[PDB]
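Engineer: Have a look at this one before I ask anything.
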Amino acid sequence: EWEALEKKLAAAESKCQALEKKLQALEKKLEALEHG
Amino acid sequence: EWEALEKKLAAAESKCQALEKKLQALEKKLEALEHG
Amino acid sequence: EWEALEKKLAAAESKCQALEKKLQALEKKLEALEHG
Ligand SMILES: [Zn+2]
Ligand SMILES: [Zn+2]
Ligand SMILES: [Zn+2]
Ligand SMILES: [Zn+2]
């Protein structure tokens, strides 16, 4: 249905934003190793 | 069209789930370096 | 609205593709550490 598509998109947007944060945290740890 | 939007969302959900797995695998390698 | 859903999906697709690239760049740095 239409409303179910709405909510699926919103969930995918939120999951991608959580993955962006998780990658930023990994990048921080990697850079500590790379320069230390 | 409507059905093409349906299938695009499903593909984006699946691609994001593959990226979540890929990040988990990287995190595993990073943690090995970080503590070894 | 319908057209706003269209554009939101397209933005989410593009953001996920940018995250895929960012993860590939991190993987490259991690592999340099892992084998060097
Ligand atoms: Zn660096
Ligand atoms: Zn994503
Ligand atoms: Zn650790
Ligand atoms: Zn390796």
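We label chains A, B, ... in the order they appear in the structure tokens, count residues from 1 in each chain, and number ligands from 1 in the order shown.
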Mind listing the residues within 8 Å of ligand 4, only C-alpha atoms and all ligand atoms counted, as a PyMOL selection string?
Structural biologist: chain C and resi 30-32+34-35
Engineer: Using the selection just defined, write its residues with N, CA, C and O atoms as a PDB file, in the first residue's frame.
Structural biologist:
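The new file out-v4.pdb reads:
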ATOM      1  N   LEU C  30      42.283   0.998   5.677  1.00  0.00           N
ATOM      2  CA  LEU C  30      42.391  -0.121   6.603  1.00  0.00           C
ATOM      3  C   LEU C  30      43.297  -1.201   6.038  1.00  0.00           C
ATOM      4  O   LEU C  30      44.149  -1.747   6.747  1.00  0.00           O
ATOM      5  N   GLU C  31      43.157  -1.496   4.753  1.00  0.00           N
ATOM      6  CA  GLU C  31      44.000  -2.542   4.161  1.00  0.00           C
ATOM      7  C   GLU C  31      45.472  -2.154   4.121  1.00  0.00           C
ATOM      8  O   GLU C  31      46.346  -3.017   4.290  1.00  0.00           O
ATOM      9  N   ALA C  32      45.764  -0.867   3.952  1.00  0.00           N
ATOM     10  CA  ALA C  32      47.141  -0.411   4.046  1.00  0.00           C
ATOM     11  C   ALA C  32      47.712  -0.694   5.421  1.00  0.00           C
ATOM     12  O   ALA C  32      48.850  -1.172   5.543  1.00  0.00           O
ATOM     13  N   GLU C  34      46.536  -2.986   7.579  1.00  0.00           N
ATOM     14  CA  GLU C  34      46.474  -4.419   7.817  1.00  0.00           C
ATOM     15  C   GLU C  34      47.650  -5.158   7.188  1.00  0.00           C
ATOM     16  O   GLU C  34      48.047  -6.213   7.691  1.00  0.00           O
ATOM     17  N   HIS C  35      48.202  -4.646   6.091  1.00  0.00           N
ATOM     18  CA  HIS C  35      49.297  -5.324   5.394  1.00  0.00           C
ATOM     19  C   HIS C  35      50.581  -4.506   5.339  1.00  0.00           C
ATOM     20  O   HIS C  35      51.439  -4.744   4.489  1.00  0.00           O
TER      21      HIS C  35
END
Engineer: Report as a list in words which protein, DNA and RNA residues come within 9 Å of ligand 2, using only C-alpha atoms and all ligand atoms.
Structural biologist: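 Going residue by residue within 9 Å of ligand 2, we get residues 12, 13, 14, 15, 16, 17, 18, 19 and 20 of chain A; 12, 13, 14, 15, 16, 17, 18, 19 and 20 of chain B; 12, 13, 14, 15, 16, 17, 18, 19 and 20 of chain C.
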Engineer: Next, the residues of the selection above should be written as a short mmCIF file (atom, residue, chain, number, x, y, z; two decimals), in the first residue's frame with C-alpha atoms.
Structural biologist:
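Saved to again.cif:
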data_model
loop_
_atom_site.label_atom_id
_atom_site.label_comp_id
_atom_site.auth_asym_id
_atom_site.auth_seq_id
_atom_site.Cartn_x
_atom_site.Cartn_y
_atom_site.Cartn_z
CA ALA A 12 15.46 3.56 5.13
CA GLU A 13 16.39 7.21 5.49
CA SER A 14 16.88 6.73 9.21
CA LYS A 15 18.88 3.56 8.79
CA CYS A 16 21.19 5.25 6.27
CA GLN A 17 21.71 8.18 8.66
CA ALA A 18 22.66 5.70 11.40
CA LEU A 19 25.13 4.05 9.02
CA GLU A 20 26.65 7.44 8.21
CA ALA B 12 17.74 0.84 -1.84
CA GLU B 13 16.75 -1.08 1.26
CA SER B 14 18.75 -4.07 0.07
CA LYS B 15 21.76 -1.98 -0.85
CA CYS B 16 21.76 -0.32 2.58
CA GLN B 17 21.57 -3.72 4.28
CA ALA B 18 24.58 -4.85 2.22
CA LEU B 19 26.45 -1.72 3.30
CA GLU B 20 25.61 -2.43 6.94
CA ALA C 12 18.30 8.48 -0.25
CA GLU C 13 19.66 6.55 -3.21
CA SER C 14 22.29 9.22 -3.76
CA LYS C 15 23.23 9.38 -0.10
CA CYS C 16 23.66 5.60 0.04
CA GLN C 17 25.87 5.69 -3.06
CA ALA C 18 28.02 8.35 -1.38
CA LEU C 19 28.29 6.15 1.71
CA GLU C 20 29.34 3.20 -0.44
#
Engineer: CA of residue 23 in chain C to CA of residue 11 in chain A: how many Å, to one decimal?
Structural biologist: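 CA of residue 11 in chain A lies 21.1 Å from CA of residue 23 in chain C.
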Engineer: One decimal, in Å: what's the spacing between atom 1 (Zn, counted along the ligand's line) of ligand 3 and CA of residue 21 in chain C?
Structural biologist: 23.7 Å
Engineer: For residue 6 in chain A, please output as a PDB file with N, CA, C and O atoms, in the first residue's frame all residues within 12 Å (counting only C-alpha atoms; exclusion window: fewer than 2 positions along the same chain).
Structural biologist:
ATOM      1  N   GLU A   1       0.822  -1.248   0.000  1.00  0.00           N
ATOM      2  CA  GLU A   1       0.000   0.000   0.000  1.00  0.00           C
ATOM      3  C   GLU A   1       0.848   1.287   0.000  1.00  0.00           C
ATOM      4  O   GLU A   1       2.069   1.263   0.209  1.00  0.00           O
ATOM      5  N   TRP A   2       0.161   2.416  -0.203  1.00  0.00           N
ATOM      6  CA  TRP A   2       0.831   3.709  -0.302  1.00  0.00           C
ATOM      7  C   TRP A   2       1.455   4.119   1.029  1.00  0.00           C
ATOM      8  O   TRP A   2       2.619   4.536   1.076  1.00  0.00           O
ATOM      9  N   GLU A   3       0.692   4.028   2.126  1.00  0.00           N
ATOM     10  CA  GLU A   3       1.203   4.488   3.413  1.00  0.00           C
ATOM     11  C   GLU A   3       2.331   3.597   3.891  1.00  0.00           C
ATOM     12  O   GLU A   3       3.204   4.044   4.635  1.00  0.00           O
ATOM     13  N   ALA A   4       2.314   2.328   3.499  1.00  0.00           N
ATOM     14  CA  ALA A   4       3.395   1.436   3.905  1.00  0.00           C
ATOM     15  C   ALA A   4       4.689   1.798   3.192  1.00  0.00           C
ATOM     16  O   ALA A   4       5.761   1.706   3.786  1.00  0.00           O
ATOM     17  N   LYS A   8       8.213   2.867   4.928  1.00  0.00           N
ATOM     18  CA  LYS A   8       9.434   2.145   4.563  1.00  0.00           C
ATOM     19  C   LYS A   8      10.542   3.105   4.146  1.00  0.00           C
ATOM     20  O   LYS A   8      11.702   2.921   4.518  1.00  0.00           O
ATOM     21  N   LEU A   9      10.200   4.127   3.365  1.00  0.00           N
ATOM     22  CA  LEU A   9      11.196   5.112   2.961  1.00  0.00           C
ATOM     23  C   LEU A   9      11.772   5.817   4.172  1.00  0.00           C
ATOM     24  O   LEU A   9      12.994   5.993   4.289  1.00  0.00           O
ATOM     25  N   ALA A  10      10.895   6.248   5.088  1.00  0.00           N
ATOM     26  CA  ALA A  10      11.371   6.949   6.273  1.00  0.00           C
ATOM     27  C   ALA A  10      12.314   6.077   7.083  1.00  0.00           C
ATOM     28  O   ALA A  10      13.335   6.556   7.582  1.00  0.00           O
ATOM     29  N   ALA A  11      11.994   4.790   7.221  1.00  0.00           N
ATOM     30  CA  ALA A  11      12.882   3.881   7.933  1.00  0.00           C
ATOM     31  C   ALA A  11      14.224   3.736   7.217  1.00  0.00           C
ATOM     32  O   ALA A  11      15.282   3.653   7.864  1.00  0.00           O
ATOM     33  N   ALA A  12      14.207   3.685   5.884  1.00  0.00           N
ATOM     34  CA  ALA A  12      15.458   3.560   5.126  1.00  0.00           C
ATOM     35  C   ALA A  12      16.298   4.817   5.254  1.00  0.00           C
ATOM     36  O   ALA A  12      17.532   4.749   5.388  1.00  0.00           O
ATOM     37  N   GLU A  13      15.658   5.972   5.245  1.00  0.00           N
ATOM     38  CA  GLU A  13      16.392   7.207   5.489  1.00  0.00           C
ATOM     39  C   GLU A  13      17.042   7.181   6.855  1.00  0.00           C
ATOM     40  O   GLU A  13      18.212   7.541   7.005  1.00  0.00           O
TER      41      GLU A  13
ATOM     42  N   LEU B   5       8.787   3.064  -8.553  1.00  0.00           N
ATOM     43  CA  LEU B   5       9.137   3.577  -7.236  1.00  0.00           C
ATOM     44  C   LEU B   5       9.190   2.455  -6.208  1.00  0.00           C
ATOM     45  O   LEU B   5      10.119   2.395  -5.392  1.00  0.00           O
ATOM     46  N   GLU B   6       8.201   1.558  -6.227  1.00  0.00           N
ATOM     47  CA  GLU B   6       8.212   0.407  -5.323  1.00  0.00           C
ATOM     48  C   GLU B   6       9.529  -0.354  -5.412  1.00  0.00           C
ATOM     49  O   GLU B   6      10.168  -0.670  -4.400  1.00  0.00           O
ATOM     50  N   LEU B   9      12.710   1.532  -4.146  1.00  0.00           N
ATOM     51  CA  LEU B   9      12.833   1.535  -2.694  1.00  0.00           C
ATOM     52  C   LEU B   9      13.373   0.208  -2.200  1.00  0.00           C
ATOM     53  O   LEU B   9      14.277   0.159  -1.352  1.00  0.00           O
TER      54      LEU B   9
ATOM     55  N   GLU C   1       3.216  14.463   0.108  1.00  0.00           N
ATOM     56  CA  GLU C   1       2.717  14.295  -1.290  1.00  0.00           C
ATOM     57  C   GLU C   1       3.519  13.260  -2.102  1.00  0.00           C
ATOM     58  O   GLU C   1       4.595  12.802  -1.692  1.00  0.00           O
ATOM     59  N   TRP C   2       2.986  12.933  -3.284  1.00  0.00           N
ATOM     60  CA  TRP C   2       3.590  11.914  -4.137  1.00  0.00           C
ATOM     61  C   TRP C   2       4.946  12.366  -4.674  1.00  0.00           C
ATOM     62  O   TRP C   2       5.926  11.613  -4.622  1.00  0.00           O
ATOM     63  N   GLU C   3       5.021  13.589  -5.215  1.00  0.00           N
ATOM     64  CA  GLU C   3       6.266  14.044  -5.825  1.00  0.00           C
ATOM     65  C   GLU C   3       7.339  14.233  -4.774  1.00  0.00           C
ATOM     66  O   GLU C   3       8.528  14.118  -5.070  1.00  0.00           O
ATOM     67  N   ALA C   4       6.942  14.555  -3.547  1.00  0.00           N
ATOM     68  CA  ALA C   4       7.934  14.717  -2.489  1.00  0.00           C
ATOM     69  C   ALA C   4       8.539  13.375  -2.107  1.00  0.00           C
ATOM     70  O   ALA C   4       9.730  13.303  -1.811  1.00  0.00           O
ATOM     71  N   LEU C   5       7.726  12.311  -2.119  1.00  0.00           N
ATOM     72  CA  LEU C   5       8.227  10.955  -1.937  1.00  0.00           C
ATOM     73  C   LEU C   5       9.219  10.588  -3.031  1.00  0.00           C
ATOM     74  O   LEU C   5      10.275  10.005  -2.751  1.00  0.00           O
ATOM     75  N   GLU C   6       8.899  10.915  -4.285  1.00  0.00           N
ATOM     76  CA  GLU C   6       9.828  10.664  -5.388  1.00  0.00           C
ATOM     77  C   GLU C   6      11.204  11.247  -5.095  1.00  0.00           C
ATOM     78  O   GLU C   6      12.238  10.580  -5.240  1.00  0.00           O
ATOM     79  N   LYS C   8      12.472  12.338  -2.269  1.00  0.00           N
ATOM     80  CA  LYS C   8      13.114  11.793  -1.071  1.00  0.00           C
ATOM     81  C   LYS C   8      13.824  10.478  -1.372  1.00  0.00           C
ATOM     82  O   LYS C   8      14.936  10.244  -0.894  1.00  0.00           O
ATOM     83  N   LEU C   9      13.190   9.608  -2.153  1.00  0.00           N
ATOM     84  CA  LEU C   9      13.823   8.349  -2.522  1.00  0.00           C
ATOM     85  C   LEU C   9      15.100   8.599  -3.299  1.00  0.00           C
ATOM     86  O   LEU C   9      16.142   7.981  -3.035  1.00  0.00           O
TER      87      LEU C   9
END
Engineer: How many Å separate CA of residue 7 in chain B from CA of residue 24 in chain C?
Structural biologist: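 CA of residue 24 in chain C lies at a distance of 25.6 Å from CA of residue 7 in chain B.
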Engineer: Determine, using only C-alpha atoms and all ligand atoms, which residues of chain C have any atom at most 12 Å from an atom of ligand 1, and tabulate each with its shortest atom pair and distance in Å to one decimal place, rows ordered by chain and then rising number, as a tab-separated table.
Structural biologist:
residue	atom	partner	partner_atom_place_in_ligand_line	distance
C:25	CA	ligand 1	1 (Zn)	11.2
C:26	CA	ligand 1	1 (Zn)	9.9
C:28	CA	ligand 1	1 (Zn)	11.4
C:29	CA	ligand 1	1 (Zn)	8.1
C:30	CA	ligand 1	1 (Zn)	10.4
C:32	CA	ligand 1	1 (Zn)	11.2
C:33	CA	ligand 1	1 (Zn)	10.9
